[PDB]
């Protein structure tokens, strides 16, 4: 049936990294109970609201398939309720500051005593043992810490953050691997473990290819697939020439190919007024005859100045600028269809508007309309992994404290005790 049916998750998370992890677990069938601050809740509820006093799309897109209980954990009665909840949980997830759970009385040691089967999973800024262990970090600071910012953007501009959530959502997906790995250990040992993912580390994992580059640069002095290896192409803001003679750390390479074959971002019709009217166009080394046919340069097929990767190093940017002239009168999609006829990896820059209403992504369940009769329906991203014998059923995000009484009832508390906790401001 569903992979995580019958898995109970005690979810202390807030913001993005932690909640992305537990939401996706929820999508795969987990029973996720979200513990929130009494009164305000997860701060995404109030961040960037489109309607005042309605939970923001920030909250709803990260907290589907979850229930909510308000709990003040700084009270002693709040701690005893947590212990009951820990004893019934298979995994606890937290992305609080570095030592916050510990300060609350719940160290890994004490959790093991309460439930020797439970898995404790956390997101942190930096790994335990790191000099910067104790630092609070959000999305973009993590991108900077893990090498993405340094290697994203242009040689003549600043380190640039990625629009993708490399620090936070990525950390949450990384933690999901850790939790699932820990569930596989537990099948063998009958015991829970602690797993942790540092945001710096989740970022650095995606930037593996740039650590390849750093070593290539140290060993050889050149990165031949980068624009700066073309003589007299790249310049700094004062017009000084940029070459690998003077580069000792992997530079920004604009829209160069990364771990793909060489490529560039080429303008299509309307690029002046439409910010997303571009394609990415790849010059794979085994496809030069095809490219030559497409752009009507038969003379470039047998010329060694043009027909190997090595021959193209000194002129690759000129070749891209010439290919680009062939797209001046065609939109993204026509250029993509044209290239497809040749088998050339090439695709449009899809705008968020285009993605939000794309039939294909709705059909395959990647962009999903959530039914929310309280707030109005909204779109979210569903499960990016598609299975032959299981479909996710995405349900709306909880109102703050919506399930508090319902959850306290599942723990076995009589109606009178639930009454008292409301009065003492515990729940």
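Positions refer to the first chain, counted from 1.
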Residue range whose averaged C-alpha B-factor is higher in the record, 151-159 or 304-312: 304-312
Between the two ranges 339-347 and 83-91, the one averaging a larger CA B factor in the entry: 83-91
Out of 76, 259, 239, 254, residue topping the C-alpha B-factor column of the entry: 76
Top residue by Cα temperature factor, when 215, 273, 140, 230 are compared in the entry: 273
Chain-wide C-alpha B factor ranking for residue 324, given as lowest, middle or highest third: lowest
Relative C-alpha B-factor of residue 167, binned into the chain's lowest, middle or highest third: middle
Ranked against its chain, the third holding the CA B-factor of residue 267: lowest
Third of the chain's Cα B-factor distribution that residue 365 belongs to, per the entry: lowest
For residue 27, the third of its chain into which the C-alpha B factor falls: middle
